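Structure data (CSV, C-alpha atoms and all ligand atoms) from input-v6.csv:
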```csv
chain,number,residue,atom,x,y,z
A,1,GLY,CA,106.7,140.3,65.0
A,2,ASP,CA,106.3,143.8,63.7
A,3,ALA,CA,105.3,145.5,67.0
A,4,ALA,CA,104.9,148.8,65.1
A,5,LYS,CA,102.3,147.3,62.8
A,6,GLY,CA,100.8,145.7,65.9
A,7,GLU,CA,100.5,149.1,67.5
A,8,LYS,CA,98.7,150.5,64.5
A,9,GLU,CA,96.5,147.4,64.1
A,10,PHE,CA,95.6,147.8,67.8
A,11,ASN,CA,93.2,150.6,66.5
A,12,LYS,CA,90.9,147.7,65.9
A,13,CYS,CA,91.7,145.8,69.1
A,14,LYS,CA,90.8,148.9,71.2
A,15,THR,CA,87.2,148.9,69.8
A,16,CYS,CA,86.6,146.5,72.7
A,17,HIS,CA,89.9,146.4,74.6
A,18,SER,CA,92.5,148.8,76.1
A,19,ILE,CA,96.1,148.8,77.3
A,20,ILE,CA,96.9,150.1,80.9
A,21,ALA,CA,100.2,151.4,82.3
A,22,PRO,CA,101.5,149.5,85.5
A,23,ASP,CA,100.5,152.6,87.6
A,24,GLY,CA,97.0,152.5,86.1
A,25,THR,CA,97.3,155.4,83.5
A,26,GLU,CA,95.1,154.5,80.6
A,27,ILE,CA,97.7,154.5,77.8
A,28,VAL,CA,95.3,153.1,75.1
A,29,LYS,CA,92.1,155.0,75.9
A,30,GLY,CA,90.0,152.3,74.2
A,31,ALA,CA,86.8,150.5,75.3
A,32,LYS,CA,86.6,148.0,78.1
A,33,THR,CA,84.1,145.6,76.4
A,34,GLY,CA,86.9,143.0,76.3
A,35,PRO,CA,89.6,142.4,79.0
A,36,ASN,CA,92.3,145.1,78.9
A,37,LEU,CA,95.0,143.3,76.9
A,38,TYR,CA,98.1,144.9,78.7
A,39,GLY,CA,99.8,141.8,80.2
A,40,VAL,CA,97.7,139.2,78.3
A,41,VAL,CA,101.0,137.5,77.2
A,42,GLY,CA,101.7,134.6,79.6
A,43,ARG,CA,98.5,135.2,81.5
A,44,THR,CA,96.2,132.2,82.3
A,45,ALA,CA,93.5,133.7,79.9
A,46,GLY,CA,90.2,134.3,81.7
A,47,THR,CA,91.5,135.7,85.0
A,48,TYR,CA,92.2,139.5,84.4
A,49,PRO,CA,90.8,141.5,87.4
A,50,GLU,CA,87.6,143.6,87.0
A,51,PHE,CA,86.2,141.9,83.8
A,52,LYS,CA,83.0,140.0,83.4
A,53,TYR,CA,84.3,136.9,81.5
A,54,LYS,CA,82.2,133.8,80.8
A,55,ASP,CA,82.4,130.2,82.0
A,56,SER,CA,84.1,128.9,78.9
A,57,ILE,CA,87.1,131.3,78.7
A,58,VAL,CA,87.5,131.1,82.5
A,59,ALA,CA,87.4,127.3,82.4
A,60,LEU,CA,90.0,127.2,79.6
A,61,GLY,CA,92.3,129.4,81.7
A,62,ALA,CA,91.6,127.2,84.8
A,63,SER,CA,92.6,124.1,82.7
A,64,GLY,CA,96.2,125.6,82.7
A,65,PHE,CA,95.9,127.5,79.4
A,66,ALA,CA,98.3,130.4,79.1
A,67,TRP,CA,98.2,133.0,76.3
A,68,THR,CA,101.4,132.6,74.3
A,69,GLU,CA,102.2,135.0,71.4
A,70,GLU,CA,101.3,132.1,69.1
A,71,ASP,CA,98.0,131.3,70.9
A,72,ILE,CA,97.0,135.0,71.0
A,73,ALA,CA,97.9,135.4,67.3
A,74,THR,CA,95.9,132.3,66.4
A,75,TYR,CA,92.9,133.2,68.7
A,76,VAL,CA,91.9,136.4,66.8
A,77,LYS,CA,91.7,134.4,63.6
A,78,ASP,CA,89.2,131.9,65.1
A,79,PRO,CA,87.8,133.0,68.5
A,80,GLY,CA,85.1,130.9,70.0
A,81,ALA,CA,86.3,128.0,67.8
A,82,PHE,CA,89.6,128.2,69.6
A,83,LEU,CA,87.8,127.8,72.9
A,84,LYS,CA,85.5,125.0,71.7
A,85,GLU,CA,88.6,123.2,70.4
A,86,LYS,CA,91.0,123.5,73.3
A,87,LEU,CA,88.3,123.1,76.0
A,88,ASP,CA,86.8,120.2,74.0
A,89,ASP,CA,83.4,121.8,74.5
A,90,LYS,CA,80.4,122.8,72.3
A,91,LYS,CA,79.1,125.6,74.5
A,92,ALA,CA,82.4,127.4,74.6
A,93,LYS,CA,81.0,130.8,73.5
A,94,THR,CA,83.2,134.0,73.4
A,95,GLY,CA,82.2,137.6,74.0
A,96,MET,CA,84.5,138.4,71.0
A,97,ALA,CA,81.9,138.6,68.2
A,98,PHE,CA,84.7,139.6,65.9
A,99,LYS,CA,87.5,137.7,64.0
A,100,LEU,CA,90.5,138.7,61.8
A,101,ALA,CA,92.7,136.2,60.0
A,102,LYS,CA,95.6,138.8,60.2
A,103,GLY,CA,97.0,141.3,62.8
A,104,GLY,CA,97.4,138.6,65.4
A,105,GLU,CA,101.1,138.0,64.7
A,106,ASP,CA,102.2,141.7,64.8
A,107,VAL,CA,99.7,142.5,67.6
A,108,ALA,CA,101.0,139.6,69.8
A,109,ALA,CA,104.6,141.1,69.3
A,110,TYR,CA,103.2,144.5,70.3
A,111,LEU,CA,101.5,143.1,73.4
A,112,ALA,CA,104.8,141.3,74.3
A,113,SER,CA,106.6,144.6,73.8
A,114,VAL,CA,103.9,146.5,75.8
A,115,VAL,CA,104.0,144.3,79.0
A,116,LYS,CA,106.6,146.5,80.7
B,201,LIG,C1,85.0,143.8,70.0
B,201,LIG,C2,83.7,143.0,69.7
B,201,LIG,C3,86.3,143.1,70.0
B,201,LIG,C4,87.3,143.3,69.1
B,201,LIG,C5,87.4,144.2,67.9
B,201,LIG,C6,88.4,142.5,69.7
B,201,LIG,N1,88.1,141.8,70.8
B,201,LIG,FE1,89.2,140.6,71.8
B,201,LIG,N2,87.7,140.2,73.1
B,201,LIG,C7,86.4,140.7,73.0
B,201,LIG,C8,85.6,140.3,74.1
B,201,LIG,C9,84.2,140.8,74.4
B,201,LIG,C10,86.3,139.4,74.8
B,201,LIG,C11,86.0,138.6,76.1
B,201,LIG,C12,85.8,137.1,75.8
B,201,LIG,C13,84.9,136.4,76.8
B,201,LIG,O1,84.2,135.5,76.4
B,201,LIG,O2,85.0,136.8,78.0
B,201,LIG,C14,87.6,139.3,74.2
B,201,LIG,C15,88.7,138.6,74.6
B,201,LIG,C16,90.0,138.6,74.1
B,201,LIG,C17,91.2,137.9,74.6
B,201,LIG,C18,91.2,137.0,75.8
B,201,LIG,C19,92.1,137.6,76.9
B,201,LIG,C20,92.0,137.0,78.2
B,201,LIG,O3,91.6,135.8,78.3
B,201,LIG,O4,92.2,137.6,79.2
B,201,LIG,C21,92.2,138.1,73.7
B,201,LIG,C22,93.6,137.5,73.8
B,201,LIG,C23,91.7,139.1,72.8
B,201,LIG,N3,90.4,139.3,72.9
B,201,LIG,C24,92.6,139.8,71.9
B,201,LIG,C25,92.1,140.7,70.9
B,201,LIG,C26,93.0,141.4,70.0
B,201,LIG,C27,94.5,141.2,69.9
B,201,LIG,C28,92.2,142.2,69.2
B,201,LIG,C29,92.7,143.1,68.1
B,201,LIG,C30,91.9,143.4,66.8
B,201,LIG,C31,90.9,142.0,69.7
B,201,LIG,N4,90.8,141.1,70.7
B,201,LIG,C32,89.7,142.6,69.1
B,201,LIG,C33,86.0,141.6,72.0
B,201,LIG,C34,86.7,142.2,71.0
```

Using structure tokens, write down the structure that the file contains.
Amino acid sequence: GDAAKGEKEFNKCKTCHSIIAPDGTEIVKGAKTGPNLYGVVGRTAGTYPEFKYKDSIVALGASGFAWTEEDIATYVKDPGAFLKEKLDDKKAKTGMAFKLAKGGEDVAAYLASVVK
């Protein structure tokens, strides 16, 4: 995907999220309302350190759910619904009170590029 467009598009992502360098330097000085996305790619979702997740997203992760580029790209288009679906649960609420039926694709590539 267009990692460059992903980077630009990240202007929205960072409203809640951020991206951190391996050493801890706050590269994307965004918010920390959502789990800092650096290294989301391949991660077992709800398990990033120092982040107050919910039961749903954590359980999804615990069920052996890993964030692929595809999954990430899809998620942003239908968060909450994604959880509800894959967890086969009704009460699978998400903190992400935001959706976007675009960006996901390029942003996923950007995240994949960023995990260095
Ligand atoms: C503010 C509201 C936003 C915006 C604009 C975006 N996200 Fe995203 N996000 C947000 C919260 C509060 C949470 C936590 C969910 C929970 O219930 O705990 C999330 C979570 C994610 C995740 C999950 C990652 C993980 O499991 O560790 C992904 C993936 C994710 N959000 C990605 C993402 C992208 C690519 C965005 C770009 C526009 C984006 N979010 C925006 C809150 C918010």

Which of these residues is nearest to residue A:113, using only C-alpha atoms: A:10, A:66, A:54, A:39?
A:39

Which residue out of A:108, A:40, A:96, A:58 has the minimum interatomic distance to residue A:7 when all atoms listed in the file are used?
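Nearest to residue A:7: A:108.
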
Would you mind telling me which residue in A:30, A:65, A:95, A:16 lies nearest to residue A:52 when using all atoms listed in the file?
A:95

Of the candidates A:71, A:23, A:2, A:85, which one gets nearest to ligand LIG 201 (chain B) if we count all atoms listed in the file?
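Between A:71, A:23, A:2, A:85, the residue approaching ligand LIG 201 (chain B) most closely is A:71.
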
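The residue set within 10 Å of residue A:91, counting only C-alpha atoms and dropping same-chain residues fewer than 3 places from it, reads residues 55, 56, 80, 83, 84, 87, 88 and 94 of chain A.
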
Grab me every residue within 8 Å of ligand LIG 201 (chain B), counting all atoms listed in the file, and send it over as a ChimeraX atom specification.
/A:9-17,33-37,40,43-48,51-58,61,67,72-73,75-76,80,93-100,103-104,107-108

Pairwise distance for atom CA of residue A:38 and atom CA of residue A:25, rounded to one decimal in Å:
11.6 Å

Out of A:82, A:77, A:21, A:90, which residue has the shortest atom-to-atom distance to residue A:102 when counting all atoms listed in the file?
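So, comparing all the options, the nearest one is A:77.
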
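Nearest to residue A:112 of all the residues A:49, A:69, A:92, A:32 is A:69, counting all atoms listed in the file.
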
N, CA, C and O atoms for stretch 87-105 of chain A, written as a PDB file, in the coordinates of the input, could you do that?
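The resulting selection.pdb:
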```pdb
ATOM      1  N   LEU A  87      89.087 123.481  74.822  1.00  0.00           N
ATOM      2  CA  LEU A  87      88.300 123.100  76.000  1.00  0.00           C
ATOM      3  C   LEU A  87      87.499 121.794  75.675  1.00  0.00           C
ATOM      4  O   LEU A  87      86.912 121.224  76.590  1.00  0.00           O
ATOM      5  N   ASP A  88      87.526 121.310  74.425  1.00  0.00           N
ATOM      6  CA  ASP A  88      86.800 120.200  74.000  1.00  0.00           C
ATOM      7  C   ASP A  88      85.308 120.295  74.404  1.00  0.00           C
ATOM      8  O   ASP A  88      84.773 119.457  75.128  1.00  0.00           O
ATOM      9  N   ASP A  89      84.706 121.435  74.051  1.00  0.00           N
ATOM     10  CA  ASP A  89      83.400 121.800  74.500  1.00  0.00           C
ATOM     11  C   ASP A  89      82.631 122.449  73.273  1.00  0.00           C
ATOM     12  O   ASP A  89      83.246 122.911  72.317  1.00  0.00           O
ATOM     13  N   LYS A  90      81.309 122.317  73.286  1.00  0.00           N
ATOM     14  CA  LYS A  90      80.400 122.800  72.300  1.00  0.00           C
ATOM     15  C   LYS A  90      79.966 124.222  72.709  1.00  0.00           C
ATOM     16  O   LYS A  90      80.173 125.190  71.983  1.00  0.00           O
ATOM     17  N   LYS A  91      79.554 124.361  73.972  1.00  0.00           N
ATOM     18  CA  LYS A  91      79.100 125.600  74.500  1.00  0.00           C
ATOM     19  C   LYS A  91      80.169 126.601  74.909  1.00  0.00           C
ATOM     20  O   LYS A  91      79.953 127.481  75.744  1.00  0.00           O
ATOM     21  N   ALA A  92      81.325 126.546  74.243  1.00  0.00           N
ATOM     22  CA  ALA A  92      82.400 127.400  74.600  1.00  0.00           C
ATOM     23  C   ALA A  92      82.320 128.729  73.801  1.00  0.00           C
ATOM     24  O   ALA A  92      83.062 128.979  72.851  1.00  0.00           O
ATOM     25  N   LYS A  93      81.297 129.512  74.135  1.00  0.00           N
ATOM     26  CA  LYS A  93      81.000 130.800  73.500  1.00  0.00           C
ATOM     27  C   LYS A  93      82.072 131.825  73.946  1.00  0.00           C
ATOM     28  O   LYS A  93      82.646 131.682  75.024  1.00  0.00           O
ATOM     29  N   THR A  94      82.324 132.848  73.124  1.00  0.00           N
ATOM     30  CA  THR A  94      83.200 134.000  73.400  1.00  0.00           C
ATOM     31  C   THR A  94      82.421 135.243  73.312  1.00  0.00           C
ATOM     32  O   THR A  94      81.485 135.320  72.516  1.00  0.00           O
ATOM     33  N   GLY A  95      82.787 136.251  74.098  1.00  0.00           N
ATOM     34  CA  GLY A  95      82.200 137.600  74.000  1.00  0.00           C
ATOM     35  C   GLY A  95      82.747 138.221  72.671  1.00  0.00           C
ATOM     36  O   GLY A  95      82.098 139.107  72.116  1.00  0.00           O
ATOM     37  N   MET A  96      83.928 137.798  72.197  1.00  0.00           N
ATOM     38  CA  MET A  96      84.500 138.400  71.000  1.00  0.00           C
ATOM     39  C   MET A  96      83.765 137.997  69.738  1.00  0.00           C
ATOM     40  O   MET A  96      84.213 137.188  68.927  1.00  0.00           O
ATOM     41  N   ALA A  97      82.691 138.738  69.470  1.00  0.00           N
ATOM     42  CA  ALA A  97      81.900 138.600  68.200  1.00  0.00           C
ATOM     43  C   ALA A  97      82.625 139.375  67.126  1.00  0.00           C
ATOM     44  O   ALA A  97      82.094 140.340  66.579  1.00  0.00           O
ATOM     45  N   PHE A  98      83.876 139.004  66.852  1.00  0.00           N
ATOM     46  CA  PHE A  98      84.700 139.600  65.900  1.00  0.00           C
ATOM     47  C   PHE A  98      85.850 138.612  65.584  1.00  0.00           C
ATOM     48  O   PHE A  98      86.151 137.804  66.456  1.00  0.00           O
ATOM     49  N   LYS A  99      86.364 138.570  64.355  1.00  0.00           N
ATOM     50  CA  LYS A  99      87.500 137.700  64.000  1.00  0.00           C
ATOM     51  C   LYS A  99      88.331 138.499  62.978  1.00  0.00           C
ATOM     52  O   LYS A  99      87.809 139.392  62.309  1.00  0.00           O
ATOM     53  N   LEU A 100      89.588 138.095  62.790  1.00  0.00           N
ATOM     54  CA  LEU A 100      90.500 138.700  61.800  1.00  0.00           C
ATOM     55  C   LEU A 100      91.627 137.727  61.558  1.00  0.00           C
ATOM     56  O   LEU A 100      92.502 137.542  62.400  1.00  0.00           O
ATOM     57  N   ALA A 101      91.704 137.191  60.337  1.00  0.00           N
ATOM     58  CA  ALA A 101      92.700 136.200  60.000  1.00  0.00           C
ATOM     59  C   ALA A 101      94.080 136.914  59.633  1.00  0.00           C
ATOM     60  O   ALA A 101      94.848 136.411  58.817  1.00  0.00           O
ATOM     61  N   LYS A 102      94.396 138.004  60.333  1.00  0.00           N
ATOM     62  CA  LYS A 102      95.600 138.800  60.200  1.00  0.00           C
ATOM     63  C   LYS A 102      95.753 139.608  61.491  1.00  0.00           C
ATOM     64  O   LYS A 102      94.966 139.423  62.419  1.00  0.00           O
ATOM     65  N   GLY A 103      96.793 140.437  61.600  1.00  0.00           N
ATOM     66  CA  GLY A 103      97.000 141.300  62.800  1.00  0.00           C
ATOM     67  C   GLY A 103      97.621 140.519  63.925  1.00  0.00           C
ATOM     68  O   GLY A 103      98.665 140.910  64.435  1.00  0.00           O
ATOM     69  N   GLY A 104      96.971 139.428  64.339  1.00  0.00           N
ATOM     70  CA  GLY A 104      97.400 138.600  65.400  1.00  0.00           C
ATOM     71  C   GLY A 104      98.867 138.495  65.681  1.00  0.00           C
ATOM     72  O   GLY A 104      99.331 138.768  66.782  1.00  0.00           O
ATOM     73  N   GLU A 105      99.625 138.105  64.658  1.00  0.00           N
ATOM     74  CA  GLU A 105     101.100 138.000  64.700  1.00  0.00           C
ATOM     75  C   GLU A 105     101.765 139.260  65.186  1.00  0.00           C
ATOM     76  O   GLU A 105     102.510 139.234  66.167  1.00  0.00           O
TER      77      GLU A 105
END
```
